[PDB]
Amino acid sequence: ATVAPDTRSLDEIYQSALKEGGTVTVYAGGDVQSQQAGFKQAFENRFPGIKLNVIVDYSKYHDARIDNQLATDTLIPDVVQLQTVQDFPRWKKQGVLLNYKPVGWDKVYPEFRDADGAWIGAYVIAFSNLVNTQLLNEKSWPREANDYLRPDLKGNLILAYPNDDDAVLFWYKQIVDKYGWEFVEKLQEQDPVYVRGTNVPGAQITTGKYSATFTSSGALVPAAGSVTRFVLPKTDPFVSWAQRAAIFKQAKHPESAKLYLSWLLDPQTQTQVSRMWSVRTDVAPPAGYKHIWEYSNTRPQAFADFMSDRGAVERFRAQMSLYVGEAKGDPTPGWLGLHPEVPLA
């Protein structure tokens, strides 16, 4: 089906959405439900009477959950938004996605959108250095990969399990490409602490238990008095991608789903709610930064290309497992089962 970019205002979409019962359900990729709390609060304040029933789980479990619900005709969500970006062209070809070009679709950087409107990049996430600014002075913030091998960072590092999250894994793929397996070998001698949940390193660094990590997201504009800082490398690669979102063809609440996606793309949402880069060409990067596509030391399309070859990803993941061990501990989102209809208690 051929569609044109939505020309309606948010309020015009919103009045139309209100007829649907006052709830839109979103299966969103993430480590913990709290990561979506800001979006939920902003959305529900902006559109009174419509609840953003967003449900967080690892992307690698949400996509399987959607595949199984499709197979059994028990589909629950209106919208899916994940970092497993290779799923979206597959679901498109399967015919289960609603072609919709949201408000602002024309301004989305072309590689961050499906040409027919089958899916859209919602916002940009990047994984790189996160440092404790009270433990480390600015001149000593580690920024390059080999900075983490210096003696005064031994025992002071906490890291997300690369074998539990493919975006984390891709950071290592790039670094091994450049510096070889010797980097991973030397890194283990630093006695890093590995954890599940990409939220956890930043959480424990904030409390002062660790000094730094190199596979974390973070605010480009930190809040006043923040003890942490997201810091890019000067030269070394970092990971970035556009989180992908789509509406299902069988969505029970298509107008509300449309509202959500159009709201995500709004310039205010892109700069005031989303905490990193925007997918839009007409949205200024935060002061001090360039557009994500202007950094020579990251390539969002490289993550997508990586994720398309499951065999290559698996082989690299398995080798990393031999260096860091099996991913230990409980899954941070909790265990949602096959048919979560609301967030966990």
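Just count from 1 along the sequence shown to find any residue number.
The stretch with the higher mean CA B factor, choosing between 301 to 309 and 45 to 53, is 45 to 53. Of the two segments examined, 57 to 65 and 316 to 324, it is 316 to 324 that shows the higher average Cα temperature factor in the deposited entry.
Of the candidates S140, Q83, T72, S128, it is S140 whose Cα B-factor is highest according to the PDB record.
Of all the options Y260, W241, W91, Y179, the entry's greatest CA B-factor is assigned to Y179. In the deposited entry, the Cα temperature factor of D78 places it in the middle third of its chain's modelled residues. In the PDB entry, a CA B factor belonging to the lowest third of its chain's modelled residues is recorded for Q35. In this PDB entry, the Cα temperature factor of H253 sits in the top third of its chain's modelled residues, the highest group. Per-chain ranking of the deposited C-alpha B factor places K234 in the highest third. Per the deposited record, the Cα B-factor of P151 falls in the highest third when ranked against the other modelled residues of its chain.
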